[PDB]
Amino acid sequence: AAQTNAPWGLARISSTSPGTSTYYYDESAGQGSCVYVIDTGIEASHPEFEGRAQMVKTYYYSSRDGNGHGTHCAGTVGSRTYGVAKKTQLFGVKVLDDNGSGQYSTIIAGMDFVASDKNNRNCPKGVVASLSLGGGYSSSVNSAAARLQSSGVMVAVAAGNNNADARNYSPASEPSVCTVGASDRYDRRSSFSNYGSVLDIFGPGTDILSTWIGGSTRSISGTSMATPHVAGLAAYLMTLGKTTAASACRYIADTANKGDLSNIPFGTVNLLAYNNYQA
């Protein structure tokens, strides 16, 4: 399949060179996989989700996304026009309030919730969790992410937006999950992206068009935008049978475009997510 005039980040993950505009992908499109978006919520009624999104848990008064961040991330995972895995199922867990903030105890509870809830869902091709959030180092938050991964869920987390070493941030610094940095459309490390030895992979993160609340769209930037590209790619590859939840991050790194990014500090991987699609 081919989507013409795609957002640049979708085109980039299906190409060996920057500057293309077509997203090439297998028709299966993540069907049979499930992605939990652990964030401010998801506007499940947005036409771009085609009925494939639902809220399953909130830690606040409502399950509605009053912010937009979670709806944007979910759209990059799995919306029709803006998504990597256009036929995946999306589950929303609202651990962040409508200002985009949340306490660590709530974020941990949402992680443990997903590890249990997946056992009640029909996800024959596997389960992914996308965490576009973080803060200062916490061993408890890292341990919760490690537990989720151990339980059989592919965990992708944002590296953070401080132009610093991600070792000082959580859950970015947990080695056993997939920590995602951000790049821009000219194959530079995004100027805000964290770096360091704990990063596993880069994905598109600057000027990313996706869904927004009120049935709208908008373009924003962050490692929060790179993470759902990698979460969606994992769901896509699991549906194709190329990898499993336990080994998807390593498979994505093994098959990435290598050495194409600029402004990568020594000791950080130079790897850009790539779907290896051949018609």
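Throughout, we count residues from 1 along the sequence that is shown.
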property	result
Comparing 132 to 140 with 198 to 206, the one whose average Cα B-factor in the PDB entry is higher	132 to 140
Mean Cα B-factor comparison, 118 to 126 or 104 to 112, giving the higher one as deposited	118 to 126
Assigned third (lowest, middle, highest) for the C-alpha B factor of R80	middle
Within-chain third of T40 by Cα B-factor, per the entry	lowest
Ranked against its chain, the third holding the CA B-factor of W8	lowest
Chain-relative CA temperature factor third for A164	highest
Assigned third (lowest, middle, highest) for the C-alpha B factor of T223	lowest
